[PDB]
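Next up: the same protein chain in two forms, each one alone, written as structure tokens (structure 1, then structure 2).
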Structure 1
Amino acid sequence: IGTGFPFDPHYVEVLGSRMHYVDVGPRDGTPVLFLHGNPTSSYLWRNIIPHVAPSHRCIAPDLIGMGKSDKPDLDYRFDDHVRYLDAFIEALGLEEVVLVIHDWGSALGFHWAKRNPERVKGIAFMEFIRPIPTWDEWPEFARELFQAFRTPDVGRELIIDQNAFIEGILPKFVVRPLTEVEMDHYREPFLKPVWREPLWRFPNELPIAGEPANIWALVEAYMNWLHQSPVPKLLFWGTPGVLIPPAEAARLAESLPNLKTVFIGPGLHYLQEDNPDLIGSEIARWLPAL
């Protein structure tokens, strides 16, 4: 995948500022307008535009305050972006357009299209903004992903054949970047697919929504024991977490006896890789002296 940006710069004056844009391809015909979102720029389109520019003009602006465009004194609300993009389009004299849009670029493009429907000849889009009526409907990509991991067909192919837990989940669920040396330590026990059975068995047995019932029963049992036990307890948690959301850490502080909690900062699942010094030294402090 190409890392360069081999496009000549173009600028147009918009509402007293300059906006930068890519402009390539034939001068006649219907242009294709590419709109990026947060926190990107026309750079996001650098490897897509070369497929289109042989046949169609490609226009890719940097939104105001982003990319190589000016940084005026704005709040950068959506309405600001609407004003600057509206004026950009008129400054180039565009009549009909095809839109290729992403993220907040999709909100800008769909909003422009709805207001100018006779000028939009097609919309290509992806990963776009839609109205989310309740916070409970905010999309959680890991819902379908984790359910897929748990299946004996797709999940085994991912975890055993493609080593998705070593190559994907482990580094993705450390906030800081794991190094190649660390990855190679973690890779060593699983170089052969035939060794990866435990890696699939574990997620398949996580107790979720009562399934599997056998693990559900025993995990419920030890959580009831933990609620009853006076044993000293120390919980480390991070944000946003994965298995333990912050709301669950708070629930546990309300219900478990003799519990100390330590917030470690940013953390997904492998908290030991993000703040080992706090975890280790706080364990040491929590243990009684001799």
Structure 2
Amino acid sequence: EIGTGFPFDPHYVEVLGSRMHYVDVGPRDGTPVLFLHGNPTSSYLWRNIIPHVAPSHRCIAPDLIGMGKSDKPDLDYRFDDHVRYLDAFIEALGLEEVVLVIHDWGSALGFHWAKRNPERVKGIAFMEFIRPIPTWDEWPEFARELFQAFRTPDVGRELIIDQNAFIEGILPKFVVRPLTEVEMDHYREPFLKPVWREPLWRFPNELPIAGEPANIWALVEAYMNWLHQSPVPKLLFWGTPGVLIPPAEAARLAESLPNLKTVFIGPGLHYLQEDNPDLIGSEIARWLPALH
């Protein structure tokens, strides 16, 4: 029964201004074994191979830049981009000599690194690796039309980006046994529809206005009532005309909040820190010792 779990603590190293994730298990010394995945996978692909090797050797399995749990900087993600990031990853880890275990585009990276660093490679295990394919007749007939479409302008991006054809189509098509839903979800995870700007939209939809949404209205009314009764020392900064706290609200708070000091900061709307940070910071500093 082939394992679906990924029982590996995350490790990250900063590389050319981004972070790359990697598996790092086994002893600390000896020759490390460096596992390189390809498209559209991650170190997840090695999850059931690493445990055979970890008892005797250090196992390092990075996620290529833009993949797995690695950062996704704004690159073209051409082969040369992957070369740069993997080169810097190996150097950031201070690796000397390695054994390579490589697959697909990770094999193009590994072989290219090995050719440039032959003294540092003690062995290469490889499988289903990138070699020059002399004609499309040498490409498997059952996947020829699809890969030709991937390489066809516009249509390739529709299939791979809009329809996720490489994860939903190629990946199970190129495994003989059936992948489970848990396994597909691990492969889907780095490429789900991005969170992106969701937090910025959800916040205004939570603002407590005219009783709605009711759960936030109740919670905010509760802490406003707490503030009205609490002896906690309070410091209010307000600007004019303000947004949430106009002058009239500042005066209401002066009437209603115990133990309140109020500072007017001058012109201000909502992000008062951008209009008079020096007064805000200096007044906080002056107020803090009075809290002893």
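Start at 1 and count along the sequence of structure 1; that gives the residue numbers used here. Heads up, when I say rigid core I mean the largest set of C-alphas that superpose within 1.5 Å between the two forms.
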**Report entry** Option from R176, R130, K114, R77 moving between structures 1 and 2, CA shift at or above 2 Å, rigid core reference
**Finding:** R176
**Report entry** Large Cα shift (2 Å or above) at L268 between structures 1 and 2, core-fitted
**Finding:** yes
Query raised in the report: Just checking, between structures 1 and 2 and with the core aligned, does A87 shift 2 Å or more at the CA?
Result: no
Report task. Kindly check if the Cα atom of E157 is displaced 2 angstroms or more between structures 1 and 2 relative to the superposed rigid core. Result -> yes
Report summary line: Shift in angstrom of the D62 C-alpha between structures 1 and 2, rigid core held fixed, comes out at 0.1
